[PDB]
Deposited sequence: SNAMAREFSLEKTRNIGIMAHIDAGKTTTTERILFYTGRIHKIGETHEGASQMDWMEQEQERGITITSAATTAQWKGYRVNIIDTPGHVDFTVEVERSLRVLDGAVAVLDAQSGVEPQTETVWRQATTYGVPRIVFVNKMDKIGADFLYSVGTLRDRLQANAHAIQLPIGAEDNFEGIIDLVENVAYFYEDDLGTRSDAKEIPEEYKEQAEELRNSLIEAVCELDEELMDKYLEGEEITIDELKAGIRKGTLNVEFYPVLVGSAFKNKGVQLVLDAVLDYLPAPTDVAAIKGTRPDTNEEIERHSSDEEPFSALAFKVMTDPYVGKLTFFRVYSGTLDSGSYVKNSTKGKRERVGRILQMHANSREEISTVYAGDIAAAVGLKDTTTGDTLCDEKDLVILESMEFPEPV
């Protein structure tokens, strides 16, 4: 007998798109640490400043596999991590274009800034050249290599400094004098880019009226959600610098379940096109996306709930296979523990115990209102 701890609007289903060379694993470990306060898990339930953040693990393929399409549906937004040295590899391009097809909003994080030969401006440049994406910097790093001392937030128009310790973050002081000219130059470039995404901001810009910090964030978000803009951040996941800012950007610019289109399905035995809105008032529907052999509970079946709610110990239909399944226990895999929940809601992710015939890609739904989300 529990209600939602976190609302739809305050939910972030994210995935991290990057190669092992770009530092995907080390980046992921930092996110799990900051989001789990007070071996690779298929999906990790976590939080950040009052928001539910589900970190969905993604594969490292270089092909047009069906597993990626499913991995892109399960997540709503994504964090594309680039290597500061190389920038954009030929294999990052194939991943990027697939995300664009399914309309996945993405923020970019230029990792390994403290590494030798790291160049932020260069890396940002490759996105517009190679990928042909409208990527823009919302940050400017203070120094490179071991001189990498801090990060400038172009939106808030402030600077943060890192002592390279466990404390890491410091208060938001004024931008250093030697970086002000470039900072305002990039901030004004950012403001112009955003003005082209919302006419209301263009009008204020042309009339000479100031654009507030929140108006700029809204514009960036609006553009990022429409897959027309890609905010670019910087940091060093290896020495823990700028990772918390990425989490802030997830809240600020990545979509909540309601910010992406309602998922499309079909009624079994017919060609009828159906849509399931991301809401609790609708009939339950969910997509299973990973079956893991757990050592304690034996067999976990991870699933993304698109619509409705589901109580533990209740039946549902595996519409893909035409079988009844009893969701015995519902678990959420946290960073350092497991939580058994009595109810899972729309736009959330959990693992069901007790399923017999369900496999990756199958649809689980309310027995009284059937739907198959994946084509077969």
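| task | Would you list the gaps, meaning deposited-sequence stretches without C-alpha coordinates, in the order they occur? | result | Since the structure holds only modelled residues, the stretches it omits are 1-2, 41-65, 404-409.
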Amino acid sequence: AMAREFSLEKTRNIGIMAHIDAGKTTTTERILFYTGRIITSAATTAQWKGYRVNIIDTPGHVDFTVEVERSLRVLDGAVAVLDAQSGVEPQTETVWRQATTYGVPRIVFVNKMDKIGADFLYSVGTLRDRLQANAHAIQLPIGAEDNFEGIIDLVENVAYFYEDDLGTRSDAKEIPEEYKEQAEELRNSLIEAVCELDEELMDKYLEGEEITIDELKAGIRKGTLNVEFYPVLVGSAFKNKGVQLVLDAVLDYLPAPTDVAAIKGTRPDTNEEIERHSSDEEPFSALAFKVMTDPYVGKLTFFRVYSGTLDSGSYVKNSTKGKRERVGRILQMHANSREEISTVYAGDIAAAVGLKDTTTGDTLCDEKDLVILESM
From here on, numbers count along this sequence of modelled residues.
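| request: With reference to the PDB entry, specify whether the mean Cα temperature factor is higher for 277-285 or for 97-105. | output: Higher mean C-alpha B-factor: 97-105.
| Average Cα temperature factor in the PDB entry - higher stretch of 113-121, 214-222 | The stretch with the larger average C-alpha B-factor is 113-121.
| Selection by C-alpha B-factor (highest) of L373, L370, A3, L8 | Highest CA B-factor of the listed options: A3.
| task | Between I14, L364, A22, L355, let me know which has the highest C-alpha B-factor in the entry? | result | Max CA B-factor in the entry, restricted to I14, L364, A22, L355: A22.
| field | B-factor third for the C-alpha atom of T28 within its chain | value | It belongs to the middle third of the chain when residues are ordered by C-alpha B-factor.
| Chain-wide C-alpha B factor ranking for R187, given as lowest, middle or highest third | Lowest third of the chain for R187's C-alpha B-factor.
| task | Tell me, lowest, middle or highest third: where does the Cα B factor of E325 rank within its chain? | result | Its C-alpha B-factor belongs to the lowest third of this chain's values.
| Third of chain Cα B-factors occupied by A261 | Ranked within chain, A261 CA B lands in the middle tercile.
| task | Place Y34 in the lowest, middle or highest third of its chain's C-alpha B-factors, as listed in the PDB entry. | result | Its C-alpha B-factor belongs to the middle third of this chain's values.
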